[PDB]
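Take a look at the letters that make up each chain.
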Amino acid sequence: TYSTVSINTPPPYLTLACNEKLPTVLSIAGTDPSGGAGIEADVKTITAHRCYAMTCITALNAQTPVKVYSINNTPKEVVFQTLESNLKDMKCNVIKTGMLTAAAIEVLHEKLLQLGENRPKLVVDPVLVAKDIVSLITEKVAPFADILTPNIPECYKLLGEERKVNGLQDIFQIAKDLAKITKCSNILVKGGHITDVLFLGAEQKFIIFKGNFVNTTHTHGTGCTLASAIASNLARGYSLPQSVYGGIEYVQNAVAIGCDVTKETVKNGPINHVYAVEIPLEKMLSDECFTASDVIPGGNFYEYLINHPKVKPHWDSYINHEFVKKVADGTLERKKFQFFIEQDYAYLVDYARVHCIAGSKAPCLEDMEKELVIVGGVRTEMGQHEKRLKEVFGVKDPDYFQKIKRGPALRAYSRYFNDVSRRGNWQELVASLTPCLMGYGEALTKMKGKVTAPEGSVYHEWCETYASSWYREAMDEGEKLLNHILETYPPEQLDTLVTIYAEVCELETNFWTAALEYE
Amino acid sequence: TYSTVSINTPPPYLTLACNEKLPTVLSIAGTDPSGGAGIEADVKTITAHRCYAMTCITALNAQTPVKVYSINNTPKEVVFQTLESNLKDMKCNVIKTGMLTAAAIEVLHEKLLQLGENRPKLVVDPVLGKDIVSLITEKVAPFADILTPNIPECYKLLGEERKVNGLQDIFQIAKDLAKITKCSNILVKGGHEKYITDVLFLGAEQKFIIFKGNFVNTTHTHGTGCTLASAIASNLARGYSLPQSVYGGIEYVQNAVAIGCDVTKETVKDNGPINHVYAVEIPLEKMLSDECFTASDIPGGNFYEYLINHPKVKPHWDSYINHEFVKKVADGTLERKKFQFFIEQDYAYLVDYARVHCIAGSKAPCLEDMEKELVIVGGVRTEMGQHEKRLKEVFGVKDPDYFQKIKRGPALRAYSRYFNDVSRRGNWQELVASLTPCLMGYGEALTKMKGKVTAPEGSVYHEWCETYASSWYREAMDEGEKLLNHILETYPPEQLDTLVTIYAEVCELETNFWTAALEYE
């Protein structure tokens, strides 16, 4: 026979911005059917930025990360009508350009003159190197641009001369020379040797962007996507330096994460435009008002994690850290330990936020109450740290504890636990919290004992705290929870739980290595 | 003059999807340069589905929501080259088709024959061309895993204009199309409080799924078919079942339609594109707010009084506080079984409410503000224990796990959905704005009942009426007033309507909650 399914209303928070005045970006570019570069990468990025995309195809190409198979310039007449009608009926905050033909330049220039002061912002990305085409961009398009984004090879072609890569001052001059020839005040030069230079003509300012050296072949389409990200942010109303920063980071994340989308025959690749996008169906099926789903659709986990190749070297460096050794035999300097508890103090507020989320995700209210006890005691834990820094260390002013600077290892630790708790599920949070419990315990179980620090001291206190039978009992409850999530969690997603366990171990070693290296 | 700015690493949790084996979708369609329909909409929705878009343009058109300005067919050679090179080097899970030319069909057909059974899944969205309808039928459709025509296009495919009286007519059209297209799975769309009606016919299983939708009064339905088929394609690519893929497809589209967007000029009324982007987060927002960012480049008095007198809130605030349910508990005129229903639904509501106050505390600016949320949770759990005692003493519950097995009602579900959504997507001040009405309205509704409580002294009804008229609950209300101010000071002044609207809608949810109990059985 049949079944009847009821379609749900939209998420209530998303219904607050009905008839949204979305920022609009028109891309005037060539195609990359493979979806890596070109007008489709433009639309992907524009979509990924919560902006509305429009197109003006300048050339209909057969393209792949492997090679450019063929190029077919779209006839002037077609380009003209496409741009004309789009602008006659659609809002347009920014126009961004990629691949531009002589006919496309002839059409766009004509429209930029007709529009005058009513013209939208213009992001020009040079797409050259397979003579007059360089001249046409410089003479006809670049004077209207709010920013140009060439790389160094593209710079050499634009000014018809080779320069050098000696230092920053080299790029500085090239950028300034570009502003004079193109009649465009703002210019972003790209060079992974990763360094990006933004020149701001009117204010005669330079902003240098230091990125991350990612060793990957998969950098196809980065140029198209940076220009589209800048254009997207500019359309939203962000400042040029804000939008350029936003663009660079977004591309660099898309590269950093990456995707497996090509056949092994290719072996260069596209980037991950879609790393921040959530899967619609995943929230739709788990929705509270999903009515209904009547038609649609050995042995212990702990020791497995410990002995997994991905976590092994990070776990080993964790439980066998020199910090524990130097504390046991009193070798660790007074100030080194001062940094440790000074840094732990700095985290305690963020620590409390984590466990609030842990309480809210707990499978039963009994487990919630346990998590709110931890949060309820952070107050006194903060005070106990202050009393230790006053009585056993320097009590220079009461305002000392407000002025503590977060270290790199602490910063990375905090960001990681904030991200997993905000973005992940209950078992993913547990997987991240487990190394913190188990790692400390067995680090000092190994250190029993072996305890050379005089009884009654802070060194002695700290060691004995994690070596008591009471802590080992909490460890036993921890080990059980991991084994309980085995029967609750799909085996396909098991590797992610391994990776996060591994990453927390590394972060814990990093937190400890920072304290044994402090001044 | 130069400054150094460091670019942050990607957010740690998002890196877990590194080298993501993304689901790939190749769209073979024409362009709508205005970005509302066609291959751009396809790429938009594929992207919005966290899938990898690919294109094969069969026609280069000039189009806006106003009209089709010009149609320019792409050379058969170009389509061949695009198709041939794409599949040679790219992984492809699913192909979806839009506008197809005689040239495109010829190429695509040949490729489907060459690929045989090792070909990717096919989703055909009929865009209707004397021979085209016949060519789709015989050359393209037998290879499809789903056809998605509208009723007018159903008439173009078989060649007769049928009368759709009820549901059987749609049922038979679906059956007849499957026979001649040779495509088992068919989704008829269109149909007729009003409701949209889409019908999925699963041919192999001789089964129908009827999707009842919420009818939106709007003209902004441009490119709904292109995004539907692309949404379905994206879900199939991820490996979802057809029914799941269709459900999600339809819901995304209707969501895009319901939220909508203002992207056209004033010279363009009575037609508009949809909102493919309603769920996409703005990267910069989380980027500048990130901890390791490492750079740096109104009312007269209390906020509570302003909220409850606001023209948008007043009607729902009144309907909430002056509710007949509260009058019938105090009068003793309410049936016992109905009051039981409320306590049971309330218990379950309080579970979600306790959970969401923990998240409220996690988003609070200072530790002092966090600890106040624990006090609230403690108060919530105290009331749960009172509901626990009520059902054991007054209603004779003896089952140990009766409270874990309570079925949740529509009014409850909606309420829990609202503040869950606000806690996942909104900020701290929006979350608290959402949780305030529950605290305030309960006290005010029952302060209005002292001392007009004519329920027997010592009875359940009377004990319930006193607890929210009590002074200790008044202290919790005073805490609510103070928090409501502390929030207005940190919130962007221009964004204020958002806080009002939230409060207004939660008030509506609470009257619905008491209505449900009032009207139970």
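Residues numbered from 1 in each chain as written, not as in the entry; some residues may be left out. Chains lettered and ligands numbered in written order. Heavy atoms only, no water. Residues with missing side-chain atoms left out of burial classes, pairs and counts.

**Re the UniProt feature "binding site: 4-amino-5-hydroxymethyl-2-methylpyrimidine" in chain A**
Working step 1: Sequence positions flagged by UniProt for "binding site: 4-amino-5-hydroxymethyl-2-methylpyrimidine" are, in local numbering, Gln 63 of chain A.
Working step 2: Within the fold, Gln 63 of chain A resides in strand β4 (residues 62-63).
Working step 3: Setting aside chain neighbours within four positions, we find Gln 63 of chain A in contact with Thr 31, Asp 32, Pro 33, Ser 34, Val 68, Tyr 69 and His 220 of chain A together with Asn 86 of chain B. (UniProt positions renumbered as here; feature names shortened; annotations may be inferred. Helix = DSSP H or I, 4+ residues; strand = E, 2+ residues; numbered from the N terminus. Contact = heavy atoms within 4.5 Å.)

**Topic: the UniProt feature "active site" in chain A**
All names here are of chain A.
Working step 1: UniProt marks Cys 436 and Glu 508 with the feature "active site", using the numbering shown here. These annotated residues cover 73 residues of sequence, but their C-alpha atoms sit close together, with the largest distance between any two at 7.6 Å.
Working step 2: Secondary-structure assignment places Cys 436 in helix α16 (residues 426-445).
Working step 3: In this structure, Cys 436 is in contact with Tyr 318, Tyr 413, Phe 417, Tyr 471, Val 504 and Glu 508, ignoring residues within four places of it in sequence.
Working step 4: Relative to the elements of secondary structure, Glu 508 occurs in helix α19 (residues 494-515).
Working step 5: Setting aside anything within four residues of it in sequence, one finds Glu 508 in contact with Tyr 318, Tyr 413, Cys 436 and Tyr 440.

**Topic: the domain arrangement of chain A**
Working step 1: Taken domain by domain, chain A holds domain 1 (1-295) and domain 2 (296-519).
Working step 2: Just the C-alpha atoms count here: the centres of domain 1 of chain A and domain 2 of chain A sit 43 Å apart. (Domains from an automatic or database assignment.)

**Considerations on the packing of aromatic side chains**
Working step 1: Seen from their ring centres, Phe 323 of chain A and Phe 340 of chain A are 4.9 Å apart, and the 45° between their planes marks the pair as tilted. On the criterion of sequence distance, the pair formed by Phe 323 of chain A in helix α12 (residues 322-328) and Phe 340 of chain A in helix α13 (residues 334-361) is long-range, its members being 17 residues apart.
Working step 2: Note on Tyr 349 of chain B and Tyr 353 of chain B: the rings are 5.2 Å apart at their centroids and 25° apart in plane angle, and the pair reads as stacked. Taken together, the residues span about one helical turn, with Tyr 349 of chain B and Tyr 353 of chain B both in helix α13 (residues 336-363) at a distance of 4 residues.
Working step 3: Across the ring face of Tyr 52 of chain B, the terminal group of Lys 44 of chain A is positioned such that the distance to the ring centre comes to 3.6 Å.
Working step 4: A cation sits over an aromatic face here: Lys 44 of chain B above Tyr 52 of chain A, 3.6 Å from the ring centre. (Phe/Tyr/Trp six-rings, centres within 6.5 Å; stacked < 30°, edge-to-face > 60°. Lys NZ or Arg CZ within 6 Å of the ring centre and 35° of its normal.)

**Some details on the environment of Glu 505 of chain B**
Working step 1: Position of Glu 505 of chain B relative to the elements: it lies in helix α19 (residues 496-518).
Working step 2: Once residues lying within four places of it in the same chain are set aside, the contact partners of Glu 505 of chain B are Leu 16 of chain A together with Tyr 418 of chain B.

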